[PDB]
Each structure stands twice: as structure tokens, then as C-alpha cells.
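1. okay, here's the opening piece of the assembly, coordinates as they are in the complex:
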Amino acid sequence: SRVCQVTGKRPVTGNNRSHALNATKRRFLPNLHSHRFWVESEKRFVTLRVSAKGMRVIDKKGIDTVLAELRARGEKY
Amino acid sequence: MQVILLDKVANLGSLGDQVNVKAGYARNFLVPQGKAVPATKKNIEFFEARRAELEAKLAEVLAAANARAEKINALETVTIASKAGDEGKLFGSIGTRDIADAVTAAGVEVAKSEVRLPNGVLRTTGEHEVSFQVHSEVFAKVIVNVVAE
């Protein structure tokens, strides 16, 4: 499931629109990446499948907090 | 990604300075490997409460015994001396424990030769006021009375 573990970001649907303005169904889908993060709080590499942005979020909120969610949401990690 | 520093660190480092580095270097090396930390604002005081409770706190906590020479601003009782010689002139020197002899009962008792004047120590009158090692900054003032016997 192309789904960002931290932001929820899943793929969406849209049209293409040519010059002719012709609709063709299509997908935008997240820039995911699954990165190995260090925790220190757990002496371990928890390795989430994140979207950049998802990344930028960790970079702000902090991993202990992002992993705080998920834990609190049900998710594995 | 600004982040504040822990250890030194090449082209930015400074044990706590305010850097602004590329995000990767940080979340890929600097942090998670102990060396820096997100400048989480919570922190810019957490690591600025030091730049004040220290560089302006413990740099003032030093000043509590000014010059160390406080009420000793009127010299000290001359118990004995520091010696003499050359039938009129001077001859003898200060053993690695012989500048106390006179001021030998004032402050706290010690016995070491933290020499300050790397000269042949001038041999004349007697009483002199240089400085001696009282600390890495301040000084002190007393005199030296000889002994006639």
C-alpha cells in the first residue's frame, strides 16, 4: 500500500487534461521512501516507509513523537 | 533545519553555537549520532539558559574574593624575615620553602615554589612588593623585614 506511515498520504485520482482539454483518469501518488531512522530512545533503527514531508514532519515534531502516534493509533513500526 | 551543536564539529562546530545546516547532514549524521539537536525553540532557551547561567553566571561566581588580598591591605606582621648575607649586602636565597617564614602565620599554611620572577632575584635593601601567584588574575601586597641576630 503506497501509504505514508506518518501523514496518511495515499494515492489520489485526477484527470490529465490535454491542450484539447481531454480528461483521462490518472493517479497522483505520494513520494514515499522508507528510511531507516535512529531512535536512541530505543537503541535501534526503526525503519518506516515514509513520504518526504512525512520526513520533514519527523524532522520537526521528532521521531519519539511520530512513533508516539502509530503506537497510539494501532500501527506496527 | 537549524539545530544547535553539542561537540565541536568541523566547518560550523562550537560546543553550542547556532548553526543552520542542510537537513540531510543532520537527520542522517549529526543528530542520531550525538552532535547536534533540532533548534526546537523549546531548546533555543534550554541551550541559552546556559549562555546566561554560566558565561554571565559562573564568570561572576569567580568574583567573591577580590584580589584575594582583602583585609590584608596593611601588610602582615613580620614573624622573622627571608634572610640576608654578604656582610651588609645580600647572599642567601629562598629555599623551595622560604618566602613564608615572615608571612608564615597569616593566611593558610602552605609550602611550594610557584616562582614568578625568573631572575637572580635582586640583592639589596630587602622590603619589596611584586605580586606572587595568588591566582590566574589577581595579586597581593606585603613586605619583608630582616632579622638582626
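-> Perfect, thanks for sending it. Numbers count the residues shown, from 1 in each chain, chains lettered A, B, ... in the order given.
2. quick check: residues of chain A near chain B?
-> A:37-40, A:55-56, A:58-60, A:62 (C-beta under 8 Å from any C-beta of the partner chain). Backbone N, C-alpha and C define where each C-beta goes, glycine included.
3. redo that, cut-off 6 Å
-> Within reach of chain B by C-beta under 6 Å from any C-beta of the partner chain, chain A has these residues: A:38, A:59.
4. residue boundaries of the strands in chain B?
-> With strands called from DSSP state E, chain B shows them at B:4-5, B:36-37.
5. ugh, wrong one, I meant chain A
-> Assignment of strands within chain A using DSSP E yields the ranges A:12-14, A:26-28, A:37-38, A:45-46.
6. which other helices and strands does the first one contact?
-> Using 3 or more C-beta pairs under 6 Å, 6 or more residues apart in numbering or on different chains; DSSP states H and E as the contact test, the elements touching strand A:12-14 are strand A:26-28.
7. thinking again about what came up before, deepest-packed of the strands of chain A, please.
-> Greatest average neighbour count among these goes to strand A:37-38 (a mean of 18), per mean count of other C-beta atoms under 10 Å in any protein chain shown.
8. following sequence is RNA strand C, add it:
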RNA sequence: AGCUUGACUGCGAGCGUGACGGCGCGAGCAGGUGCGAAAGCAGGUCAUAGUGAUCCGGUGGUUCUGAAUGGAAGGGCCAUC
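-> Below, RNA strand C sits with the chains from the block before:
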């Protein structure tokens, strides 16, 4: 050949000719103009082909409009592409 810009602007009794969109002829009125001593003539060319609706859009003019109010954008109106 001389002088010229009537190849004018607003209108228009009344007719033609079209299923219609439209096209055409028109004396006369007002303003203002050219030629003529004057009567007068001139709203292109002897007439009849020489063309392309609507939309969208451009450009000038014009406060007519203009979403709280004042402006402005955009819209209208006239001119033109």
C-alpha cells in the same frame, strides 16, 4: 484644367426586394464643409460583382455599470480590428 475633401456626422417622409437574417433606393431636416457671380451641385466612382452572420478576443473613446463603502478589475454603450 482650376480650386478642393460631401469618400461628411446625426436623421429620414416614403418606396423596392426578401420566409427570415438582411440588402437596396430616397427627397427632405439639423450641424458643419467644398466648388460656383448666381440658380445651385456634392452623404464617393455611369449602374448592376469585388464577399463572410454569431461567438471569443484586441484597441481607442465613454464614470452607463461596478457584489459592505471609495476606487479598481471585469461588464455595457459608440468606434474600429
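9. close to chain A: what parts of chain B are there?
-> B:27, B:32.
10. do that again at 8 Å, thanks
-> When proximity is defined by C-beta under 8 Å from any C-beta, chain B lies next to chain A at B:1, B:23, B:26-27, B:32-33, B:38, B:40.
11. and the residue of chain B found nearest chain A, its phi and psi?
-> When distances are taken as C-beta to the nearest C-beta, chain B reaches nearest to chain A at residue B:32, 3.2 Å away. Dihedral pair for residue B:32: phi 20, psi 60, per degrees, to the nearest 10.
12. can you report how many residues neighbour it?
-> 17 (other C-beta atoms under 10 Å in any protein chain shown).
13. cool, residue A:16 as well?
-> 10.
14. skip the chain neighbours and tell me the closest residue to it.
-> residue A:24 (4.1 Å; C-beta to C-beta, 6 or more residues apart in numbering or on different chains).
15. and that neighbour, how far from residue A:17?
-> Per C-beta to C-beta, to the nearest Å, residue A:24 is found 8 Å from residue A:17.
16. put RNA strand D on too:
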RNA sequence: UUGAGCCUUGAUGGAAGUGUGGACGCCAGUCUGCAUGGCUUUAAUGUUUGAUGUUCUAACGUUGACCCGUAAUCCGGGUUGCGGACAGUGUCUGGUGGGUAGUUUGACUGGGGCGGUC
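-> Take a look at RNA strand D, now in place beside the chains above:
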């Protein structure tokens, strides 16, 4: 290494003699430094800012080897080796693209087409 800015120490805006590289030097100068002797036209650094190149490793790749979960040709964790900010993927973008898709491809006409016409 390199294009350009700023900060600077040397150029345009403790004497005289016995001595040296670079030079628009008004065409023939004098210099700019080299030894001594009782705000704007110029060179190097500290740098700030981009370009280019080496290498590094720490993202990331491993369809090499090993350890464990595990009597397992999956997976995951770990170790090690090779590689490496490349490759790849997301968004955006120019090109190619009958492979696929939706369609168009007029009327008159002594049948239709052709010709011709509108």
C-alpha cells in the same frame, strides 16, 4: 581548482651611499617591491556566494558471504564485503509514442464512383 563581492596588509583618487625581479611604462621617464649602512582602475590571504573536479560515508542499492529468529531457496533483525549520494522512485516538464483508445474522412450526381461543381 575556479567566476564574483566584502575584511584587510602592499599600488592609482627614522638619510645619503656600496646592491635586485615584474612594468599600461607620453618614446626613450620613473617606478613597485626586493638588501642594506654611522566610496574607484591594481597582488595575496581571511573569507561569503555559485560553477567544475577528486575523494569520503552516513542516507540509499546489493538477484555476494555468514549469523539468528527457523530443521525455511519467503521475510525480518544483525555482521561482513562491493557500490554510493550514483542508481532508482514521487511531482513537474520538453521529445518519441497506431502499442492502445475515441472519432472524423461533406453534399450535388439522369445509380454510385471518377470528372466537374458548391
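17. same as before for the neighbour count of residue B:32, with RNA strand D this time.
-> Residue B:32 has 17 nearby residues by other C-beta under 10 Å.
18. contacts only, for the spatially closest residue to residue B:4 that is not a sequence neighbour.
-> Ranked by C-beta to C-beta, 6+ apart and with sequence neighbours excluded, the top spatial neighbour of residue B:4 is residue B:47, at 5.1 Å. By C-beta atoms under 8 Å, 6 or more residues apart in numbering or on different chains, the residues touching residue B:47 are B:4, B:16, B:37.
19. just the CA trace of the longest helix along chain A, in CSV.
-> When chain A is scanned for its longest helix (criterion: DSSP state H), the result is helix A:54-61. Presented in CSV, the C-alpha positions along helix A:54-61 are these (Å, rounded to 0.1, in the frame of the first residue of the first chain):
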residue,chain,number,x,y,z
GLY,A,54,6.3,12.8,6.3
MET,A,55,10.1,13.1,6.6
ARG,A,56,10.0,16.9,7.0
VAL,A,57,7.5,16.2,9.8
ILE,A,58,9.7,13.9,11.8
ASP,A,59,12.4,16.5,11.3
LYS,A,60,10.2,18.9,13.2
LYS,A,61,7.9,17.1,15.7
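20. since that was my last question, I'll sign off now.
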